[PDB]
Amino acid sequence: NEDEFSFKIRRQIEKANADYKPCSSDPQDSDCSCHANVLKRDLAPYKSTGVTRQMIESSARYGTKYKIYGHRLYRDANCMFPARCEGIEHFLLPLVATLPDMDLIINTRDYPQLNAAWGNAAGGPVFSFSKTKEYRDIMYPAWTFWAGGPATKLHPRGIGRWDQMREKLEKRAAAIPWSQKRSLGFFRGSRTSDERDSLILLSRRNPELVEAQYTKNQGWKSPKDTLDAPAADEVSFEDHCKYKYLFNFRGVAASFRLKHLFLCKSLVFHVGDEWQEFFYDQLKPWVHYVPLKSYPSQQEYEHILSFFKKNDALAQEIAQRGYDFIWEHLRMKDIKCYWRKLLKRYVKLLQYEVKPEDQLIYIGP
């Protein structure tokens, strides 16, 4: 029973690692190619026809209009999420001097907007942080790499400053080496998706295997939102690092939690394979993390944790590779260069002339 399970997983590991090619020829990825597959795929559906002014005007209703016009940034007066706009503008602004004219419909909402099961009213192009195959949205690096992520008690201005977070988690991972970390599954987060429920219920049944509890978010309504338990306290990112086995789940769309877990040098269990950020394509199951299908059972959790607990070196190897991947290929420079490369390739698709719009406010620089 335990043996059939082991064979399957080790089989999946060996197969994954043998087929694994690094995302760039050298670790420095000098020409910003690591995540290029994603930006190619996202832009591809526009490659032949290109982008009509009508398409831009058609899509404006799905996000915040940004305009680069003659090395200045213009935007709708009304940002739906101002702190998210701030995050995005941190990256746009330094590129605006060296970049041609373009209109950008940037959706700052959690969920993507262009359902490819609708259309062609959902033809785009619209930029979103997160998508699945169901959506035509073009992924961009989320605002939170600089600013405007979820506001919590420990981060009242919004989770941001990924540059600073990298250094803080690097220090903490060095401080709590593999053999020191607790041998328990850990999760602390809110009920943004019921995919999260079985881990929390397992934790309650078996706290000695899993420490997982629901916090309260700002959308709280009934005690159902914590499955009838008192809301737990927030736990800092750096305090996640004292657990070997860290769980990540989708929320409304992808979660900003994921990237943080890797920098703990803990083993990451990533649940579901649908919801993406731009950098997930290069995170490989079994190479950088343990994949679990959506809606894991309590029995699945028991089997997988039991396996890695009895196969420690294998656990630490995967953890170490995930750490290294995020360390080396999710630097600020990777974020900045992805942005640059995406905008350059996109502007080439426009089949119209970008002209000023007086109702837009000047952003910078």
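Quick note: we count residues from 1 along the sequence shown, nothing fancier.
Between 176-184 and 128-136, it is 176-184 that carries the larger average Cα temperature factor according to the deposited entry. Here 16-24 and 337-345 are compared by their mean Cα B-factor, and 16-24 comes out higher.
Residue-level inspection of the entry shows that, of 141, 291, 223, 148, 223 has the top Cα B-factor.
Based on the entry's C-alpha B-factors, the most elevated value among 201, 80, 263, 121 belongs to 121. In the PDB entry, a CA B factor belonging to the highest third of its chain's modelled residues is recorded for residue 117. When the modelled residues of the chain are ordered by C-alpha B-factor, residue 99 sits in the highest third. Among all modelled residues in this chain, the alpha-carbon of residue 297 has a temperature factor (C-alpha) in the lowest third. Ranked by C-alpha B-factor against the other modelled residues of its chain, residue 259 falls in the lowest third. Per-chain ranking of the deposited C-alpha B factor places residue 205 in the highest third.
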